[PDB]
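A.B. asks: Take a look at the following structure, please.
Counting neighbours? That spans all protein chains shown, and the Cβs are built from the backbone with ideal geometry, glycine included. The values are calculated or read from the model by the stated rules, or taken from the named source; these are not laboratory values.
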Amino acid sequence: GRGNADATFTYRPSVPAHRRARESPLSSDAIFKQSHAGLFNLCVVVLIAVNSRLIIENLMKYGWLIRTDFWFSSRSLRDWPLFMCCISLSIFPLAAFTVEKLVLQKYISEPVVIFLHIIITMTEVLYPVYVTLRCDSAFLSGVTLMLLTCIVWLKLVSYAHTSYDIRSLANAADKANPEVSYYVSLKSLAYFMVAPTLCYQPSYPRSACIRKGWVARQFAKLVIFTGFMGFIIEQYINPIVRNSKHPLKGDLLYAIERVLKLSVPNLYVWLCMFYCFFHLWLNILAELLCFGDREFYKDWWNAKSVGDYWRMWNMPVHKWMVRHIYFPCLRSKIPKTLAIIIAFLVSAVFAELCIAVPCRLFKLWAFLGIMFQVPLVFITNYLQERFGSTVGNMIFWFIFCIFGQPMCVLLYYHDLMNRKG
Amino acid sequence: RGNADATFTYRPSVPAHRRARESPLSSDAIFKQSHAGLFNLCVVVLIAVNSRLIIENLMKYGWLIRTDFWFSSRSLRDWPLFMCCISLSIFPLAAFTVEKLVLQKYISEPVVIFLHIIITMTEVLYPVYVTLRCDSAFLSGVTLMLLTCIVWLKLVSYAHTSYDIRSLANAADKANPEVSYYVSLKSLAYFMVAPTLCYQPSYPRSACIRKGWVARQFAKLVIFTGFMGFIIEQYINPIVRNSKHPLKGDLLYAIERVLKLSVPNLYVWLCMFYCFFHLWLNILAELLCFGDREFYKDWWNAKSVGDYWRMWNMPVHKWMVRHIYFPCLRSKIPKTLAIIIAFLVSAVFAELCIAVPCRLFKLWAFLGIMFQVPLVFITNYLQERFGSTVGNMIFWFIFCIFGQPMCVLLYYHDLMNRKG
Ligand SMILES: CCCCCCCC/C=C\CCCCCCCC(=O)SCCNC(=O)CCNC(=O)[C@H](O)C(C)(C)COP(=O)(O)OP(=O)(O)OC[C@H]1O[C@@H](n2cnc3c(N)ncnc32)[C@H](O)[C@@H]1OP(=O)(O)O
Ligand SMILES: CCCCCCCC/C=C\CCCCCCCC(=O)OCC(COC(=O)CCCCCCC/C=C\CCCCCCCC)OC(=O)CCCCCCC/C=C\CCCCCCCC
Ligand SMILES: CC(C)(COP(=O)(O)OP(=O)(O)OC[C@H]1O[C@@H](n2cnc3c(N)ncnc32)[C@H](O)[C@@H]1OP(=O)(O)O)[C@@H](O)C(=O)NCCC(=O)NCCS
Ligand SMILES: CCCCCCCC/C=C\CCCCCCCC(=O)OC[C@H](CO)OC(=O)CCCCCCC/C=C\CCCCCCCC
Ligand SMILES: CCCCCCCC/C=C\CCCCCCCC(=O)OC[C@H](CO)OC(=O)CCCCCCC/C=C\CCCCCCCC
Ligand SMILES: CCCCCCCC/C=C\CCCCCCCC(=O)OC[C@H](CO)OC(=O)CCCCCCC/C=C\CCCCCCCC
Ligand SMILES: CCCCCCCC/C=C\CCCCCCCC(=O)OC[C@H](CO)OC(=O)CCCCCCC/C=C\CCCCCCCC
Ligand SMILES: CCCCCCCCCCCCCCCC(=O)OC[C@H](COP(=O)(O)O)OC(=O)CCCCCCCCCCCCCCC
Ligand SMILES: CCCCCCCCCCCCCCCC(=O)OC[C@H](COP(=O)(O)O)OC(=O)CCCCCCCCCCCCCCC
Ligand SMILES: CCCCCCCC/C=C\CCCCCCCC(=O)O
Ligand SMILES: CCCCCCCC/C=C\CCCCCCCC(=O)O
Ligand SMILES: CCCCCCCC/C=C\CCCCCCCC(=O)O
Ligand SMILES: CCCCCCCC/C=C\CCCCCCCC(=O)O
Ligand SMILES: CCCCCCCC/C=C\CCCCCCCC(=O)O
Ligand SMILES: CCCCCCCC/C=C\CCCCCCCC(=O)O
Ligand SMILES: CCCCCCCC/C=C\CCCCCCCC(=O)O
Ligand SMILES: CCCCCCCC/C=C\CCCCCCCC(=O)O
Ligand SMILES: CCCCCCCC/C=C\CCCCCCCC(=O)O
């Protein structure tokens, strides 16, 4: 035919076929200086075949498990006592604003301000916890209420500390510009409480305008990916978790097989959760509010260790811990390792709150898992220095996406089922 | 930052937002740097999936390895076949006798083609009758039929190359070399055991024989052959035993069985290539001091099916180019019919190798080799349309996930259907 090789002018069989002594491939170091694209294309083809076999085997065993009443039903008893609390979480920054105005005119002293701030933040933590504990609602409503409570707590602590620092620099060094209009101050606080950031500033860099078609397109992608995530949770995660036993009570091999079976759709749900929250929703929120800065994350998938992942997975939380926990501890002559223990302790307490308060279980799995990250940072740093970056990134994937999250899902689900009966 | 080290402390009055930036996935300037974490994620998911398959098979079945699966009461199969493998040696000596009988001007030139036809058909038909008469295992008859194909390719190559040298020497009318009978017999004897299919009076030679190198390659050959036996016994056998015919049951069940079987089948095929085409041929070339050792190329980077067929097996490719392609081109046969002739020879010999030990007459392997001609024409077009990556992926999907497990299931269930 056409031919993608040497020309077709005939040489006779009396002409020899062997004239030079060569050497076979994979028997010399010259094979390493060549691109082997097919060896990764083979892995991609094997992955597609494996996932296709899993889909066909799950469909043959179970069938269509999708129901119209699984996610959103007519049980609206969960809605009204907690969503009202969601609106009732907006009275705590205004109270804080009143305290700040009380120190702006010379009416009260500084320790009274710190004591009042502790009262407002503590009441803000304790009241939704009591509301969620007294009622009986779904998991999702409680998770949403706890996440909003944690975000409002971080904003209040950041606003109070940054306002004290601005007041302390404006009173000590040089006194200028006294008594700025209450409406501009209320507008800045109200703008900060809805913006996609956790650090308070009086003003922020802005963008051009609102692109309505862009916001509509990102919203359409967000609803499609959320529906895809719900389908993967209902059709694939639910059979595996119903058909298991407790991992700490039973055979070891059976528990390892259940964790390895749960590892793949959990990883898919994790990537979809990151793309839905940290990319789509924050950009839609920034576009509506004309928020200029949009560095909400970095390339965390190229992490060379556990500490690399914790440095680049979440930009607002990392900037909040650097500004409000790490640097005040460093200024007070405390060592570095104590600062990493205090920061991970704050993270472990709030993660334990968000997971355990809807579940109504005092099992400290999530607390121990966040608190175990402190020796893991040093161990993966030593391993990455000794062995390289590829082996460090593989150790990070094995620890995070293969072992930890399915084990947490199985422990919390089975503890909840043992609580109910 | 990088490892563990602090930074001086700033203050919260300093703003943390001073520039208006965009997200990493909001721009097309994201592929400039290396995203090595995705490749590592694919490797980690593959290792986890393989470990789950090993643990699930071990929990379901247990240890299935037996001490008498391969070598147990083999004297009924070893005595007639291995003797027939020694009996194949008289077929070069006949052809050599015919060459000497035309070299001394005792018989004419049309008689030698007829005599070569009698020698080649007798050499093919005698092991077929010996394999079909006395009952034996599959692995003892596969070896005999593969030596029946290799000795037929060497005899056809020797006859054609000898005729071409004689036809060249006839038109010159001068003969200064005078090769003795011992030297010609030594050349033919060296050709029959060398790792090549193309006849030459002499070849480039190697320096010497390295004993430690031969011992190391032989040790690797024993370890990898044992690994192949363990994969076939422990994993391929329970999948193949608990299944049905692919055109008898439900379609979803058949697709699930082929996709289940396709993962250890790939390991057996790559291990088979590494054991034969790399280890054994180099050991044979080292013991025989054979210089040329390019027995293959990098076929795993092929962008189409025709690319794979061009670089999977160097002796068979040189034999098809020298003995089937260029004589067809010299005789004004069209270029699209020589491909059909070459694939026809390969399909007949492949169908013979799978069907004579199995004792079945079903053309699964024959039609599979003969379907590669429209596959070559389609994949060249898809390669030109969509690129080398898509072409290589189509090659991997067609060969490793669909063709070979379906062929294994069809031949097994047809064999079990015959035996009852
Ligand atoms: C719609 C799809 C649906 C799904 C799919 C359904 C069907 C699936 C079916 C099945 C899947 C599985 C398939 C098998 C898997 C296992 C394989 C094994 O390893 S098992 C061992 C058994 N195999 C054998 O017994 C064969 C042995 N035969 C050969 O290896 C030969 O080499 C053969 C017949 C393949 C001939 O091919 P050449 O490439 O070696 O040689 P030439 O035909 O002479 O030339 C081809 C090309 O060579 C170049 N060429 C031409 N002249 C050249 C020259 N002088 N020098 C170099 N190259 C030259 C040109 O590119 C030419 O192109 P131009 O085909 O005409 O388009
Ligand atoms: C809601 C409204 C909020 C607005 C608030 C106002 C301003 C915002 C303010 C400030 C900026 C915010 C940033 C600050 C903090 C936030 C980040 C945060 O806190 O969490 C984020 C995320 C994280 O979840 C994870 O699990 C990942 C954790 C990482 C892995 C950890 C585990 C592994 C560890 C160890 C391994 C174990 C090894 C041990 C030993 C081994 C042996 C050695 O959770 C979600 O929220 C995702 C939810 C899922 C997606 C739902 C849909 C998403 C779309 C929309 C929702 C709204 C749509 C409205 C549409 C209306 C019309 C329809
Ligand atoms: C706590 C968190 C900030 C991680 O950071 P951390 O290591 O604990 O503490 P810091 O942010 O103060 O320091 C991070 C690193 O940056 C380094 N660093 C120091 N100064 C820095 C600076 N100016 N900028 C950036 N990094 C800096 C630190 O040395 C540290 O490396 P180290 O850990 O070896 O000390 C945060 O990303 C986190 O872990 N959150 C968890 C939230 C969570 O678990 N929620 C539930 C999930 S389901
Ligand atoms: C990333 C790699 C995988 C991507 C490839 C996905 C395609 C592979 C193929 C095939 C499925 C083949 C079966 C076709 C469906 C009809 C079978 C039938 O006639 O039976 C009747 C029965 C009666 O009920 O069913 C139905 O009507 C059909 C309902 C089921 C459709 C589900 C399709 C969703 C597929 C993929 C989702 C993507 C996420 C992957 C998650 C993987 C987790 C393990
Ligand atoms: C650390 C990185 C590797 C990541 C792979 C995931 C490993 C998960 C599994 C298992 C460890 C199992 C060994 C613990 C033994 C104690 C359990 C017990 O008490 O009972 C023993 C039981 C008798 O009842 O069984 C046995 O005696 C031996 C069990 C053998 C199973 C080993 C298979 C899984 C481990 C590794 C596979 C790695 C190869 C993958 C290569 C793929 C390349 C693409
Ligand atoms: C005894 C007198 C008779 C006359 C002389 C006999 C010698 C004739 C032959 C041969 C030397 C071979 C030279 C030709 C090179 C081209 C080979 C070829 O073109 O054939 C390719 C083949 C079929 O197409 O491709 C395959 O896939 C084969 C897959 C087999 C993999 C099985 C793993 C074990 C590998 C090798 C056997 C172990 C060595 C023996 C050691 C044990 C000693 C008792
Ligand atoms: C002169 C000597 C010749 C040497 C020839 C052979 C050398 C290499 C050989 C063989 C295979 C051995 C590898 C396994 C190690 C022995 C296991 C053992 O100690 O004895 C079994 C014991 C009772 O005796 O207990 C058990 O059964 C539990 C252990 C089973 C472990 C299986 C590990 C499989 C590893 C990789 C397979 C990768 C393929 C995955 C494909 C999945 C597709 C479905
Ligand atoms: C009991 C928990 C309290 C939670 C927080 C309460 C509200 C905080 C509001 C702060 C407002 C400014 C106050 C005065 C600032 C000052 O004098 O000056 C600023 C100082 C540090 O002074 P320097 O900057 O001079 O070193 O800030 C701090 O000491 C803390 C800053 C805010 C971060 C609080 C984080 C809370 C969680 C702590 C770890 C976990 C709990 C540990 C105990 C069990
Ligand atoms: C149109 C249909 C053609 C046949 C199709 C089926 C072919 C099956 C495979 C066998 C033939 C392979 C090629 C052999 C010929 C060649 O290389 O070459 C055939 C040659 C080529 O001559 P040129 O080089 O001058 O073109 O034709 C000749 O007349 C020269 C004399 C050759 C004498 C020795 C031939 C080989 C002897 C042993 C095998 C005999 C035939 C067995 C047939 C079953
Ligand atoms: C079904 C009870 C809750 C199960 C645990 C859920 C834990 C939170 C994780 C993901 C839930 C949010 C993403 C999926 C929502 C899909 C909604 C929908 O498809 O309509
Ligand atoms: C409403 C009736 C059914 C209730 C049980 C629903 C299933 C609960 C089981 C598992 C939920 C898993 C939630 C998502 C896990 C991934 C989270 C992550 O990766 O961070
Ligand atoms: C023999 C050892 C048994 C170990 C039992 C406990 C295993 C670890 C359980 C949970 C680890 C933490 C889970 C992931 C981090 C916390 C939860 C989260 O934020 O998603
Ligand atoms: C009202 C209860 C109905 C039944 C339970 C439905 C809720 C599912 C609850 C817990 C499952 C998941 C908890 C563990 C989450 C860990 C997140 C992660 O994987 O990182
Ligand atoms: C069709 C395949 C071609 C032939 C390949 C098989 C060769 C068989 C020879 C030896 C296999 C021995 C199997 C050893 C199993 C593992 C033993 C062990 O683990 O102790
Ligand atoms: C029936 C006797 C006992 C069972 C013996 C084994 C049965 C399995 C049958 C066929 C599987 C052959 C596996 C290897 C074939 C080559 C794979 C390949 O070409 O890629
Ligand atoms: C010692 C050799 C072992 C070989 C094991 C092979 C397993 C598969 C069995 C039969 C497939 C035969 C394929 C024949 C290919 C072409 C033969 C040829 O033309 O030389
Ligand atoms: C899409 C369904 C198509 C069904 C087709 C059924 C026909 C099966 C024919 C060929 C299958 C594979 C045979 C080729 C592999 C050859 C192996 C070898 O040469 O040794
Ligand atoms: C008494 C002996 C009974 C039979 C022994 C075991 C036979 C296994 C043989 C045949 C099944 C097919 C083998 C592989 C052929 C297809 C090769 C391929 O597709 O590449």
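A.B. asks: Which pairs have Cβ atoms under 8 Å, sit 6 or more apart or on different chains, and link a residue in region B:326-339 that is in the same structural domain as B:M370 (by TED's automatic domain parsing) to one that is within 16 Å of ligand 3 (Cβ to nearest atom)?
C.D. replies: From region B:326-339, no pairs qualify.
A.B. asks: Restricting to region A:153-192, give me the number of residues that are in a helix (DSSP H, G or I), touching a residue at least 24 places away in the same chain (Cβ under 8 Å) and not aliphatic (A, V, I, L, M).
C.D. replies: The total comes to 13.
A.B. asks: Residues in region A:130-180 that are farther than 19 Å from A:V113 by Cα, hydroxyl-bearing (S, T, Y) and crowded, with 18+ Cβ neighbours inside 10 Å: how many?
C.D. replies: 3
A.B. asks: Something else now. Would you mind telling me which numbered condition in (1) closer than 16 Å to B:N237 by Cβ; (2) more than 12 Å from every other protein chain (Cβ to nearest Cβ) B:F82 fails?
C.D. replies: All conditions pass for B:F82, except number (1).
A.B. asks: Then there is this: Restricting attention to region A:1-19, report how many residues are hydrophobic (A, V, I, L, M, F, W, C) and either away from ligand 9 (no atom under 16 Å from the Cβ) or within 44 Å of the chain's Cα centre (by Cα) (or both).
C.D. replies: Selection size over region A:1-19: 2.
A.B. asks: A follow-up question, please. Give me the pairs: first residue in region B:346-366 and within 14 Å of another protein chain (Cβ to nearest Cβ), second residue away from ligand 18 (no atom under 11 Å from the Cβ) and part of a helix (DSSP H, G or I), beta-carbon distance under 6 Å, and six or more apart or on different chains, which are they?
C.D. replies: Listed by first residue and then by second, the contacts come to nothing, as the list is empty.
A.B. asks: How many residues are within 21 Å of B:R205 (Cα to Cα) and either facing chain A (nearest Cβ under 9 Å) or among the polar types (S, T, N, Q) (or both) when one looks only at region B:269-284?
C.D. replies: Qualifying residue count, region B:269-284: 4.
A.B. asks: Moving on. Just checking, does region B:306-328 include any residue being within 9 Å of chain A (Cβ to nearest Cβ) and polar (S, T, N, Q)?
C.D. replies: No, there is no match, as no residue in region B:306-328 is within 9 Å of chain A (Cβ to nearest Cβ) and polar (S, T, N, Q).
A.B. asks: Taking B:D78 as meeting all but one of (1) surrounded by fewer than 15 Cβ atoms within 10 Å (Cβ to Cβ); (2) within 29 Å of the chain's Cα centre (by Cα); (3) in a helix (DSSP H, G or I); (4) without any contact (Cβ under 8 Å) to a residue 40 or more places away in the chain, write down the number of the exception.
C.D. replies: (4)
A.B. asks: Scanning for something exposed (fewer than 13 other Cβ atoms within 10 Å of the Cβ), in a helix (DSSP H, G or I) and more than 16 Å from ligand 7 (Cβ to nearest atom), does region B:365-374 turn up at least one residue?
C.D. replies: So far as region B:365-374 goes, yes, one or more of its residues are exposed (fewer than 13 other Cβ atoms within 10 Å of the Cβ), in a helix (DSSP H, G or I) and more than 16 Å from ligand 7 (Cβ to nearest atom).
A.B. asks: Conditions first: (1) of a type in the set (F, W, Y); (2) part of a helix (DSSP H, G or I); (3) in the same structural domain as A:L145 (by TED's automatic domain parsing). A:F40 passes all but one, so which condition is the exception?
C.D. replies: It is condition (3) that A:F40 fails.
A.B. asks: State all residues of region B:108-160 that are more than 19 Å from B:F91 (Cβ to Cβ) and within 16 Å of ligand 9 (Cβ to nearest atom); if no residue qualifies, say none.
C.D. replies: B:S108, B:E109, B:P110
A.B. asks: Quick one: is A:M273 more than 20 Å from B:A36 (Cα to Cα), surrounded by fewer than 16 Cβ atoms within 10 Å (Cβ to Cβ) and not basic (K, R)?
C.D. replies: Here the answer is yes, as A:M273 does meet what is asked.
A.B. asks: If you take the residues of region A:286-299 that are surrounded by fewer than 18 Cβ atoms within 10 Å (Cβ to Cβ) and at the interface with chain B (Cβ under 9 Å from one of its Cβ atoms), which of them is nearest to A:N393 (Cα to Cα)?
C.D. replies: Among those that are surrounded by fewer than 18 Cβ atoms within 10 Å (Cβ to Cβ) and at the interface with chain B (Cβ under 9 Å from one of its Cβ atoms), it is A:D299.
A.B. asks: Moving to a separate point now. Could you list, in sequence order, all residues of region B:204-262 that are over 30 Å from B:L287 (Cα atoms) and loosely packed, with under 14 Cβ neighbours inside 10 Å?
C.D. replies: Selection gives B:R241, B:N242, B:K244, B:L247, B:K248, B:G249, B:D250, B:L251, B:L252.
A.B. asks: Might you check whether a residue that is more than 27 Å from the chain's Cα centre (by Cα) and surrounded by fewer than 14 Cβ atoms within 10 Å (Cβ to Cβ) occurs anywhere in region A:120-127?
C.D. replies: Among the residues of region A:120-127, not one is more than 27 Å from the chain's Cα centre (by Cα) and surrounded by fewer than 14 Cβ atoms within 10 Å (Cβ to Cβ), which makes the answer no.
A.B. asks: Give region A:1-24 a look and list any residue that's touching a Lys or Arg at 6+ places or on another chain (Cβ under 8 Å) and among the charged types (D, E, K, R), or say none.
C.D. replies: Within region A:1-24, A:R22, A:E23 meet the criteria.
A.B. asks: Looking at B:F349, B:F371, B:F395, which one is closer than 17 Å to A:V45 by Cα, among the aromatic types (F, W, Y) and out of contact with any strand residue (DSSP E or B) (no Cβ under 8 Å at 6 or more places or on another chain)?
C.D. replies: B:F395
A.B. asks: Identify all residues within region B:329-345 that are of a type in the set (V, I, T) and within 10 Å of chain A (Cβ to nearest Cβ); write none if there are none.
C.D. replies: Answer for region B:329-345, where residues must be of a type in the set (V, I, T) and within 10 Å of chain A (Cβ to nearest Cβ): B:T336, B:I339.
A.B. asks: Right, something else. Restricting attention to region B:392-410, report how many residues are aromatic (F, W, Y) and crowded, with 18+ Cβ neighbours inside 10 Å.
C.D. replies: Residues meeting the conditions: 2.
A.B. asks: Inside region B:193-306, counting only helices (runs of 4 or more DSSP H) that do not spill past its ends, which hold 3 or more residues that are under 30 Å from A:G3 (Cβ atoms)?
C.D. replies: Counting at least 3 such residues, we get B:251-273.
A.B. asks: Follow-up question, since we're still on this one. Would you check if there is a residue in region A:334-344 being more than 16 Å from ligand 14 (Cβ to nearest atom), buried (at least 19 other Cβ atoms within 10 Å of the Cβ) and over 18 Å from B:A4 (Cα atoms)?
C.D. replies: No: zero hits.
A.B. asks: Can you tell me which residues in region B:20-62 are within 34 Å of the chain's Cα centre (by Cα), basic (K, R) and at the interface with chain A (Cβ under 8 Å from one of its Cβ atoms)?
C.D. replies: B:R52
A.B. asks: Okay, next question. Give me a count of the residues in region B:85-114 that are buried (at least 18 other Cβ atoms within 10 Å of the Cβ) and free of Cβ contacts under 8 Å to residues at least 40 places away in the same chain.
C.D. replies: 1
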